[PDB]
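We begin with a single chain expressed as structure tokens, specifically the form deposited in one PDB entry.
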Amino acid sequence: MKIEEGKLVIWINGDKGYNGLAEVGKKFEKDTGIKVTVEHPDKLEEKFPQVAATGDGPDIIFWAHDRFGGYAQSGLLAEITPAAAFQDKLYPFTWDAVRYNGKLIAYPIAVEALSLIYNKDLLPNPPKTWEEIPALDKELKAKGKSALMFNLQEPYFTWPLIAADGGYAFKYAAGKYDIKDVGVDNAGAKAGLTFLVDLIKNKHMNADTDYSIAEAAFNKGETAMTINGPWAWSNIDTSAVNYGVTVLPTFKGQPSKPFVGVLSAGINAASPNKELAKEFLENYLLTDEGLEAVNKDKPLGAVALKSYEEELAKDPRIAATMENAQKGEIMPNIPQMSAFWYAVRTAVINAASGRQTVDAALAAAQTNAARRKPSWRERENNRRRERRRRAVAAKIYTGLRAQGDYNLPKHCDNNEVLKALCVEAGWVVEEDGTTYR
């Protein structure tokens, strides 16, 4: 698709309150006549960098802040320049999450952190440690149910356990993240992953479990516990499960450390509606009424707007979310975050499945998470080099065929031309290419 003047198109993930956001777009359309379309395409965080490099893509893209640094580095986002009065309306730390190279690259919307979600009727007192989950599963499997089910296909869900005993993504020292210092293969990381793999090995969890499978099992009452964000609450509400939201379990006595995301809205640098997009985000979405409309669809978490977070913070589920977020860390927004996520995703799936040992999967993840992506010019240099190597050889064999007058078959390959040249120069070449004088 392509941006065009007078209309706004928004991309937001399918697990957020896109219908609520569409209502805000409707009030925006009535007040100034600009149509707003909200769409929730799949793999939007991957599609955007592909289409925006050529000027395509939506007017506004919603995602957690961790992806936006890469978009900025690639020149895909318009610089955000809110007035002092508006900046004052959001918590300063949410602005930090969307600052890259000293510039604001998106509007922060809400703070997301994973929590432990449990079925009060099935589990009145949830466990406080990861280590007691296996025994709890034995007891619950006797009654037909299971202890815990969560998304094992996305490392965002498994990261809190991996990070608990010492795993880290990029080390932060002296005011910066060190891109070549990766903590995915240390003792803490290995221990956390090993415990997860052992749960699968001991049949307390299934390796192929994904978001829908886990959500269904918990919402239908088949599993005592799940790990998810604030967005998931709405479906649990409509179900018949009585749920609580609490702190994630400890592992080896240390807290689970979730990677904290700030749902953010960036403006396509290619959009001709940048002023309209600011007006929508600043004066319609980032307001009490606008955030409420979205939050009523699927909870946003701890919103960045001070005025409305004071209402939401009363919710004990948001309080547990922020308890988990205090034990966690705000994600970096550096461009290498995407390579880190792919690396850890492959490590978790490969170890959970048995295709690799935990040691082998995390060793590869460390290499992949620090690997430097070659530049376009480096790729073109390689391409051109091979083009040149083949052209030189082809000219040589063209000359040999035309002027050699070798005793060659009607149709033969260049290897047979090489052989005829070898014999003419005093060599004997055997059938397999063994060559000598």
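Quick note: we count residues from 1 along the sequence shown, nothing fancier. Heads up, when I say rigid core I mean the largest set of C-alphas that superpose within 1.5 Å between the two forms.
- Comparing 135-143 with 100-108, the stretch with the higher mean C-alpha B-factor in the PDB entry is 135-143.
- In this entry, the higher average B-factor at the C-alpha atoms falls on 123-131, of the pair 337-345 and 123-131.
- Highest CA B-factor among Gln326, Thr287, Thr238, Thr226, as stated in the entry: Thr238.
- Within the selection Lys410, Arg67, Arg379, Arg387, the deposited Cα B-factor values reach their highest point at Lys410.
- Among the modelled residues of its chain, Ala425 has a C-alpha B-factor that falls in the highest third, as given in the PDB entry.
- Compared with the other modelled residues of the chain, the Cα B-factor recorded for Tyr397 ranks in the middle third.
- Per-chain ranking of the deposited C-alpha B factor places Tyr308 in the middle third.
- Ranked within its chain, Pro82 lands in the highest third, by CA B factor from the PDB record.
- Ranked within its chain, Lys176 lands in the highest third, by CA B factor from the PDB record.
Omitted from view is the form deposited in another entry, to which the following refers.
- For the residues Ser271, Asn119, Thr158, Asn228, superposed on the rigid core between this form and the one not shown, a C-alpha shift of 2 angstroms or more shows up only at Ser271.
- Figure legend: C-alpha atoms of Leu305 and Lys327, shown here, are separated by at least 3 angstroms less in that other deposited form.
- Compared with the form shown here, the Cα atoms of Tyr91 and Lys327 move at least 3 Å closer together in that other deposited form.
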